[PDB]
Colleague: 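Quick one: the structure is below, questions incoming.
FYI, side chains are in, hydrogens and waters are out, and symmetry mates aren't considered; it's all heavy atoms of this structure. Labels below follow one simple rule: chain letters A, B, ... track the order of the sequence lines, proteins then strands, and each chain is numbered from 1.
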Number of protein chains: 2
Amino acid sequence: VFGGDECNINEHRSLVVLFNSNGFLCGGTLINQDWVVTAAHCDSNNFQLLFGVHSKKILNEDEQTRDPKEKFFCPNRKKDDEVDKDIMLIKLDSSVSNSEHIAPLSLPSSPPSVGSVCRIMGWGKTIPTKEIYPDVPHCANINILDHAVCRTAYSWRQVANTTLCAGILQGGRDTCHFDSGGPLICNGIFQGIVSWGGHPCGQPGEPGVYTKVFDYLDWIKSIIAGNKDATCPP
Amino acid sequence: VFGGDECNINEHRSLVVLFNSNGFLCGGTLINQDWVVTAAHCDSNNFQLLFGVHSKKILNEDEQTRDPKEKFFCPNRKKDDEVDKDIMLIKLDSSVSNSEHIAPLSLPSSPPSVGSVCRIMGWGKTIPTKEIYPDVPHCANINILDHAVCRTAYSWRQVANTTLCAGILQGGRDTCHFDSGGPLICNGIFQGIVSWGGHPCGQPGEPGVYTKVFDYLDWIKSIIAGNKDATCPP
Ligand SMILES: *C[C@@](*)(O)[C@H](CCCNC(N)=[NH2+])NC(=O)CNC(=O)[C@@H](N)CCC(=O)O
Ligand SMILES: *C[C@@](*)(O)[C@H](CCCNC(N)=[NH2+])NC(=O)CNC(=O)[C@@H](N)CCC(=O)O
């Protein structure tokens, strides 16, 4: 996260870490005691999920680890476009219970209004060009922008409507590489999933695009209730 | 460990890992649910202890992390001698319960005999010259040798009587740097603590010198029971 500060140790109790033998992959969001939401582009053959993490060097006495038992993607997702319908549900091999540094995030009831202030968080790049990563996750506030700003900022490709356009108009704060899958939270509600953006991040006039969780509510609940044939919003 | 193979995932449940911000420090041994025994030269201002660990890449789901609440050393220990009375007792800040990959090891009732076959284990060097470290702990069987082999082999310093001389005579098997603090187990009994040896491990004729647990039984029991003045055997 570019333009932020170290997150408070208690302000990110729902942030999950996806990693494998090759290291850190992405972030994720725990929505209930058995499921994790993250980005579809973060998928890997094998990986594990780590809960309750703050510092990577100085561990928390309450971290939990689980393996993905099931993974779900939109049935109607475009094969070639890696960020098309960037959402993946992970059914844990074993339930995770609340603790001092672990807790789920509630799904939204309604979508965020243009201009609302939201929180982004992750262990991704903090310097736009350098491959320097934090030890603790960084937090920064950004605003919900008019979707047209993004549509026009990235005219060479199509910015789906099932996405939120967020950031700071003059740049300086934005999610970056390895921040993917993490939550965009507005007023304590789970509103978006970090998906993609500019090169590098934080440039003025190039906001980030987040999967709009709300548009996928029916999908999420259907998959979680047991219906696996649930198709996503086009 | 030089000269062995990867340990079976279930044959090292008492093996603890001491680490800090600078990384890995040493091995250790869980003797009951509240105490860990290790070498005194493994001390560091700040460190933590990890239980139920095997592979550093693929984590077990039952791992536990605790912090050192109290540390204890022999009152009558030599100031400038890093390996004199090489034993340290650590009281955990919170109890550790048994699980698939965590279980304590029992204190000895009698000292091992010369010629006994014992298991050594740890994440220390596997090739004497190369600064290459295992991902999973390596185990190997060595024999308890006549204490005099050590006495003469290391005629350039003095080998205490409160230690076990163990290894293979022609070399090719020994503990190495970063293997310290781990346990020497003979017939399932906790008999020694990895302390020191020659440069580099495995040289023919230069066995490993381990802290003889049996000789400290009283100090250990007195310390754990409450007598913080208990003195060690000279
Ligand atoms: C998977 C995740 O780690 C990244 C997140 C990048 C976020 N970038 C900004 N500026 N907020 N996403 C990608 O690697 C995917 N990239 C693309 O799909 C490109 N078309 C856009 C480049 C980009 O995401 O920055
Ligand atoms: C702290 C612990 O990891 C090591 C273990 C070395 C074991 N070596 C062999 N060959 N089994 N201990 C030390 O680094 C302490 N070293 C000494 O006290 C030196 N007098 C000997 C160096 C040595 O142990 O190789």
Side-chain angles (χ1 to χ4, degrees), chain A residues 6 9 13 15-28 30 33-36 43-70 90-102 123 132-137, chain B residues 6 9 13 15-28 30 33-36 43-70 90-102 123 132-137:
Chain A
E6 303 173 24
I9 184 157
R13 311 196 313 160
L15 221 211
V16 178
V17 176
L18 308 213
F19 66 96
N20 61 16
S21 301
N22 293 114
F24 186 85
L25 296 178
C26 285
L30 180 74
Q33 60 175 228
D34 287 281
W35 296 80
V36 172
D43 181 47
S44 191
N45 272 352
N46 298 287
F47 67 89
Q48 300 177 274
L49 312 108
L50 247 182
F51 308 82
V53 187
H54 192 269
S55 181
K56 288 276 181 58
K57 289 183 180 77
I58 304 147
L59 312 206
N60 278 198
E61 303 188 44
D62 71 326
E63 306 183 358
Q64 295 281 342
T65 307
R66 297 290 189 278
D67 298 338
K69 181 182 181 177
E70 283 188 274
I90 300 167
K91 165 56 188 292
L92 301 184
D93 67 346
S94 179
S95 310
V96 184
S97 301
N98 290 32
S99 81
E100 176 159 47
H101 302 104
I102 295 185
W123 290 270
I132 298 172
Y133 302 85
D135 204 69
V136 305
Chain B
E6 310 186 1
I9 195 182
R13 315 200 309 159
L15 227 199
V16 180
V17 170
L18 322 202
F19 65 104
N20 61 1
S21 320
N22 307 108
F24 187 86
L25 284 194
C26 282
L30 183 62
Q33 63 180 207
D34 287 283
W35 300 76
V36 160
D43 200 33
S44 206
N45 285 322
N46 289 306
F47 63 89
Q48 296 181 281
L49 309 90
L50 249 165
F51 308 87
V53 187
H54 184 240
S55 168
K56 296 272 182 62
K57 269 190 187 69
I58 302 168
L59 325 197
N60 280 157
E61 294 179 43
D62 60 338
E63 296 186 2
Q64 299 294 322
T65 298
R66 298 292 187 276
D67 289 342
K69 181 187 192 168
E70 297 190 88
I90 303 159
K91 166 66 186 293
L92 305 173
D93 61 340
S94 166
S95 312
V96 179
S97 295
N98 292 14
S99 72
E100 181 175 44
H101 307 112
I102 306 171
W123 289 267
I132 303 170
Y133 302 91
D135 207 78
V136 295

Colleague: Which residue pairs pass the salt bridge (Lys or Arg N to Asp or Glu O under 4.0 Å) test with at least one member in residues 44-54 of chain A, sequence neighbours excluded?
Modeller: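 Sorted pair list comes back empty.
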Colleague: Is it the case that over 12 heavy atoms from other parts of the model lie below 6.0 angstrom from the CD1 atom of B:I58?
Modeller: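 Counting other residues, nucleotides and ligands, CD1 of B:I58 stays at 12 neighbours or fewer.
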Colleague: Applying side chain to side chain contact (heavy atoms under 4.5 Å, CB included), can you list everything that pairs with B:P134, at least two apart in sequence or on another chain?
Modeller: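 Residues passing side chain to side chain contact (heavy atoms under 4.5 Å, CB included) with B:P134: B:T126, B:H138.
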Colleague: Considering distance alone, list the donor-acceptor pairs between chain A and chain B shorter than 3.5 Å.
Modeller:
unit_1, atom_1, unit_2, atom_2, d
A:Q48, OE1, B:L59, N, 3.2
A:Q48, NE2, B:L59, O, 3.1
A:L59, N, B:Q48, OE1, 3.1
A:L59, O, B:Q48, NE2, 3.1

Colleague: With a 4.5 angstrom heavy-atom cut-off, which part of B:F47 approaches chain A: side chain, backbone, both or neither?
Modeller: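 Contact with chain A involves no heavy atom of B:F47 at all.
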